[PDB]
Amino acid sequence: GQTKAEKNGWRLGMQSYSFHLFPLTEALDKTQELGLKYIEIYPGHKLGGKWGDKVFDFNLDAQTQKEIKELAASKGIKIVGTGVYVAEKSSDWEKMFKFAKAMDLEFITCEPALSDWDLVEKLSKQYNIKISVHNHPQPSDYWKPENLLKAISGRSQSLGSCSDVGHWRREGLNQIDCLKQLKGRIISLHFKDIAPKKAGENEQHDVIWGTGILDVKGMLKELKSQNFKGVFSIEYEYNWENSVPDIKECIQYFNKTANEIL
């Protein structure tokens, strides 16, 4: 690949939820404007354009599937995954896998119910689509790596973590050590940096990478030491209305830092 990061298999992409206030047609434009070549689309993202209020989900019709793939292709963007997916019924998991296959996705980011692991592993093997288990703060099943490893250790190598480095730190965990624990079991990331936690505010929000407390450089050093290869999805939950400038500075810091260590 042309950049150092790209050479080493580190693919920066957009997590479409960062642009949930806009239709997917606009999210593609912004993703292209940012020079990003990959996108992970959240389930339910409204399409806009000539599709109006039709959404990107596993019930999307065949014509629209192909039209969306062409629009993305036309803007230099590959749709690599979809998520974060939470199944409403167990029977829906096979529908999601068929949709991922038809859309030619590499992975589904999700939070499977603990009781559906045999089913999900089986489908992942059958369909050749990776499963990247997202962590979020408690209450939840995968909020720390050892809970993910309790669920997936010994199963298909196609199963792993969608590493949300922010949410691990929001749980008081050493996020760099969370990456370390998940060596060989990280499929993709929800890469972000976050502000220090203020006693009197409930949320510590996302900030431009390199300005927060997550030590983006050290996390990249750890990902280097593991020989990680995959997609770093930009999930930027701040300045929702006008976040492209901030995201541009995020991307700049990432390439600058990856160039320094690669």
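- Structure determination for this entry is recorded as X-ray crystallography, at 1.8500 Å resolution.

## Comments concerning the overall build of the protein
And step 1. Along the protein, the regular secondary structure elements total 10 helices and 12 strands.
And step 2. For 262 residues, the compact-globule estimate of 2.2 N^0.38 gives 18 Å, and the protein sits close to it at 17 Å.
And step 3. Its C-alpha atoms give the protein principal-axis dimensions of about 45 × 40 × 40 Å.
And step 4. Nonlocal contacts in the protein, meaning residues at least 24 apart in sequence, comprise 70% of its contacts between residues at least 6 apart.

## Considerations on the sheet that holds strand β2 (residues 38-41)
And step 1. If you trace the 8 strands once around the closed barrel, you get β1-β2-β5-β6-β7-β8-β9-β12, paired in parallel fashion. When the angles between neighbouring strand axes are averaged without regard to direction, this sheet yields 30°.
And step 2. The pairing of strand β7 (residues 130-134) with strand β8 (residues 159-164) spans 4 bridges and is classified as parallel. Of the residues in β8, the one forming a bridge with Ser-132 is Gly-160.
And step 3. Where helix α9 (residues 216-225) meets the sheet, its contacts fall on β1 (10-15), β9 (186-191) and β12 (230-234), and the angle it forms with β9 comes to roughly 170°.

## Regarding the pairing of strand β6 (residues 107-110)
And step 1. Of the two faces of β6, both are covered, the one formed by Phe-107 and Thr-109 as well as the one formed by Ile-108 and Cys-110.
And step 2. For the crossover that starts at strand β5 (residues 78-85), traverses helix α4 (residues 92-102) and ends in the parallel β6, the hand is right-handed.
And step 3. With 4 bridges joining them, β6 and β7 adopt parallel strand pairing. Residue pairing across strands places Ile-108 opposite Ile-131, the latter belonging to β7.

Calculation notes
- Residues numbered from 1 in each chain as written, not as in the entry; some residues may be left out.
- Heavy atoms only, no water.
- Residues with missing side-chain atoms left out of burial classes, pairs and counts.
- Helix = DSSP H or I, 4+ residues; strand = E, 2+ residues; numbered from the N terminus.
- Rg over C-alpha atoms; globule rule 2.2 N^0.38 Å.
- Contact = heavy atoms within 4.5 Å.
- Pairing = 2+ DSSP bridges.
- Axes fitted to C-alpha atoms, helices over the stretch in contact; angles between N-to-C directions.
- Buried < 20%, exposed > 50% of the residue type's maximum accessible area, 1.4 Å probe, protein only.
- Right-handed = clockwise from strand over helix to strand, strands pointing away.

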